[PDB]
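The data below hold one chain only, encoded as structure tokens and taken in the form deposited without the DNA.
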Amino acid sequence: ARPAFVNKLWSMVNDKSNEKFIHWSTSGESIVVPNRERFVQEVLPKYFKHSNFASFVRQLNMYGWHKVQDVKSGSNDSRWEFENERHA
């Protein structure tokens, strides 16, 4: 059956009440978390009793989602946009 994590992710990203904290890009291709801190503080607890961002990202990685590291080191860090490896 669909894993509980995915059920929760699909539910949270599609719930308009979470819009400020996590939403699909307007293209519908990536999942955007504008600010890590607000998301962890206001959204995460609603779906996972005792979790944290590292746990959330670890689960995302297993399903093909990645925050591409395209900015040189030393050259924000709070914005997290996720893109999936699997393409059409």
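Numbering starts at 1 and runs along the sequence shown.
Same protein, other form: the form deposited with the DNA bound, not shown, and the subject of what follows.
K.L.:
Even though the DNA is not shown here, does residue 35 get within 4.5 Å of it in the entry with it bound, heavy atoms only?
P.N.:
Contact with the DNA, no.
K.L.:
Flag residue 30 as yes or no: does it have a non-hydrogen atom within 4.5 angstroms of any non-hydrogen atom of the DNA in the entry with it bound?
P.N.:
The answer is no: residue 30 has no heavy atom within 4.5 Å of the DNA.
K.L.:
Looking at the partner-bound form in the entry with it bound, is residue 52 within 4.5 Å of the DNA by any heavy atom?
P.N.:
Answer yes; at least one heavy atom of residue 52 falls within 4.5 Å of the DNA in the entry with it bound.
K.L.:
I'd like to know whether residue 20 contacts the DNA in the entry with it bound, with contact meaning heavy atoms within 4.5 angstroms.
P.N.:
Residue 20 lies outside the contact set for the DNA.
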